[PDB]
Ligand SMILES: [Fe+3]
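In our numbering, the protein residues as written are 1439 to 1637.
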């Protein structure tokens, strides 16, 4: 129960209700279950009814909707393809929990591997961030197929450094090396209006 850090949205958010737990579609990689537990910063009690969005690139660093890897611009970015793999939304339960069935993310050049997330509560964009991986685990996974077929360090990454990525690393249960299980506990502020959206 300390306020989780926020991190810039980047350019590839797509504001669509795709409410599902399994976001893999046709993508290939290593299965990762991402469980996020949300509490209200103020009370430390779980937050119920919050919409959690995640989005991430596939193993070779492609984002669905931006598969033609277009030029990035400060002005509002619009997806060209209709694919939505590796994107989803889940609504927190009584316990403040959502779980997604995803893959370990690939990454871009000039970025460390991560999964984005954005949370709506009370019709406000309450919190935007990024999920990072412990260096040892990331190294293990990147040595396996298909991740090893195409890496900026956490500490080289502008976003990780500037926005406290250290407090935003997902905890992977090591014995889960059938499918990986990851837990990240977050404390957010449902009254906060984030200003970290791309537009
Ligand atoms: Fe990204």
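Don't be surprised by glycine CBs; every beta carbon is placed ideally from N, CA and C.
Going by the beta-carbon positions, is the gap between residue i and residue j smaller than 8 Å?
{"i": "residue 1595", "j": "residue 1549", "result": "yes"}
{"i": "residue 1503", "j": "residue 1521", "result": "yes"}
{"i": "residue 1551", "j": "residue 1574", "result": "no"}
{"i": "residue 1622", "j": "residue 1474", "result": "yes"}
{"i": "residue 1579", "j": "residue 1468", "result": "yes"}
{"i": "residue 1483", "j": "residue 1531", "result": "no"}
{"i": "residue 1488", "j": "residue 1557", "result": "yes"}
{"i": "residue 1620", "j": "residue 1472", "result": "yes"}
{"i": "residue 1449", "j": "residue 1515", "result": "yes"}
{"i": "residue 1534", "j": "residue 1585", "result": "no"}
According to DSSP, simplified to helix, strand and coil, what is residue i?
{"i": "residue 1579", "result": "helix"}
{"i": "residue 1604", "result": "helix"}
{"i": "residue 1640", "result": "With the chain represented from 1439 up to 1637, any question about residue 1640 goes unanswered, as that position is not in the structure."}
{"i": "residue 1598", "result": "helix"}
{"i": "residue 1454", "result": "coil"}
{"i": "residue 1463", "result": "coil"}
{"i": "residue 1585", "result": "helix"}
{"i": "residue 1612", "result": "helix"}
{"i": "residue 1573", "result": "helix"}
{"i": "residue 1593", "result": "helix"}
{"i": "residue 1623", "result": "strand"}
{"i": "residue 1567", "result": "strand"}
{"i": "residue 1477", "result": "strand"}
{"i": "residue 1560", "result": "coil"}
{"i": "residue 1640", "result": "Residue 1640 is absent from the structure shown; the chain starts at 1439 and stops at 1637."}
{"i": "residue 1553", "result": "strand"}
{"i": "residue 1538", "result": "strand"}
{"i": "residue 1449", "result": "coil"}
{"i": "residue 1618", "result": "strand"}
With respect to 7 Å, is the separation between the Cβ of residue i and the closest non-hydrogen atom of ligand 3 below this value?
{"i": "residue 1448", "result": "Here the bound small molecules are ligand 1; ligand 3 is not part of this structure."}
Worksheet item: Counting pairs of Cβ atoms below 8 Å between the stretch 1492-1501 and the stretch 1524-1537, do you hit three or more?
Response: yes
Item to complete: Mind the definition here: the stretch 1558-1567 touches the stretch 1614-1632 only if three or more C-beta pairs lie below 8 Å; say whether that holds.
Response: yes
Discussion item. Contact between the stretch 1537-1546 and the stretch 1458-1473 is defined here as three or more beta-carbon pairs at a separation below 8 Å; is this criterion met?
Written reply: yes
Item to complete: Assess, as a yes-or-no matter, whether the stretch 1442-1453 is touched by the stretch 1598-1606 under the definition of 3 or more beta carbon pairs within less than 8 Å.
Response: yes
Practice prompt. At 3 residues or longer, and completely inside the stretch 1487-1533: list those beta strand (DSSP E) runs for me, N to C.
Written response: 1489-1493 and 1525-1529
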